[PDB]
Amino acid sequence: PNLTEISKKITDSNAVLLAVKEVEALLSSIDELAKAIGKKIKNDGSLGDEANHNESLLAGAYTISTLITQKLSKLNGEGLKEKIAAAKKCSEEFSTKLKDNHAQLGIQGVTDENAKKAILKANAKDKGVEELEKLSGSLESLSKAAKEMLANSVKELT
């Protein structure tokens, strides 16, 4: 086993995987935001109902979406190139769908129903959530491939 070269493959694969994990976590944060649709912080630490004031919550989801795109615009690794480009495209289609639906998602008093169509995966139509789901799938594929590359480099140490 050429330990110098295996060392470099491990380092590079870890660096890709770290960047992918950061993007996956940012996607997870949008799922958390979706739990706050139509909600407020109560004194008892629960979320209480306060329907139909979701505009700045959705602006937060949008800002996170553009950060995801910026990370994917810079990230690279052989057989990851296509998966990264695909994820970057999906991330742009998500942001574009939100912007295109500004007349429902970017007004005073954005309704719970419209916010759910943008970012709540459990929503049953699409104002962004289908693009969010495709983005999640694209990142899962990228993660699986990045993890397999790291696992293969570590295995060469036998």
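Numbers follow the displayed sequence, beginning with 1.
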query: Residue 77-residue 78 interval: deposited residues absent from the model; finding: 1 to 3
query: Interval residue 124-residue 125, deposited residues with no coordinates in the entry (none, 1 to 3, 4 to 9, 10 or more); finding: 1 to 3
query: Per the entry, higher mean C-alpha B factor between 32-40 and 45-53; finding: 45-53
query: Stretch exceeding the other in mean C-alpha B-factor - 125-133, 98-106; finding: 125-133
